[PDB]
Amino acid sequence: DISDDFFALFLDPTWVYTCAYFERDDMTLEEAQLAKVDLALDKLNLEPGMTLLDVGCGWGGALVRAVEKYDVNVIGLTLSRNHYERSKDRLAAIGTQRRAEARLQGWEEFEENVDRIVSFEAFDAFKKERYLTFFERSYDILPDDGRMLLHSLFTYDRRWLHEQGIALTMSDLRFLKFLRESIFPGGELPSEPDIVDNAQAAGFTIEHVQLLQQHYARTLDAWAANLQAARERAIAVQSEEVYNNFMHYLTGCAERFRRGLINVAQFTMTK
């Protein structure tokens, strides 16, 4: 796979590799990633000592922020060994009396009770045959007053796009094929109904939906600018092919969020 050393060339120190939130226009990338995490965690009404599950925890930035700012116990799940190892190391290096653990484990195998759940851009990696199952499991492990913040990408169909004045081009179809045949996200995104209808069938109320479309455009622009500025080092760590493929993903996805072809949002879900 792609080395952490490559991603380090374009991500900020949190290692967060999902849509940032430019809560103030002059925030740096790091500040906007912490703002995105805090935006989500504030919606969970966390109290010190609660237990927070992060489904699909990446390299651990949100878990570290949850411990540091919110003083919660944390459990992070991932399917990626590289994600797990960095998460494990970062959490162990936090000075805290709380429980802070990362696991190489899917949510399908996790059955422990937790007080709150967060997830950032993992849901699009789930098979559509598991969308309902995921919400059922999340409902079951939460207490009666539990809350989940689902931050997910989602797509729109031709009819909706057309009603909004947007068309999918032959280039867009080529780009979707590029995504499907690569490690990059976006090849088989859920629709908004795939999120909302399954969450509601499992018993959740959708309290709030916050769209972040243009924040993602800006985030992807920042990653691309960072990667081009480090091009020689990126080629050295990987190769020119990989570098160019990443640039194609980052810039192509930025263009598509700007145009409105796809979206990303935080869904506050309550019981």
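A residue's number is simply how far along the shown sequence it sits, counting from 1.
Higher mean CA B-factor, judged across 81 to 89 and 183 to 191 from the recorded values: 183 to 191. Set 174 to 182 against 133 to 141 and average the Cα temperature factors; 174 to 182 ends up higher.
Each of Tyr216, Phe204, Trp59, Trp223 has a CA temperature factor in the record; the biggest one is found at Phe204.
In the deposited entry, the Cα temperature factor of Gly106 sits in the middle third of values across the chain's modelled residues. Ranked by Cα temperature factor within the chain, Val114 sits in the middle third according to the deposited record. Ranked against the other modelled residues of its chain, the C-alpha B-factor of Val196 as given in the entry falls in the highest third. Sort the modelled residues of the chain by CA B factor and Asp71 lands in the middle third. In the PDB entry, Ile262 places in the highest third of its chain by CA B-factor.
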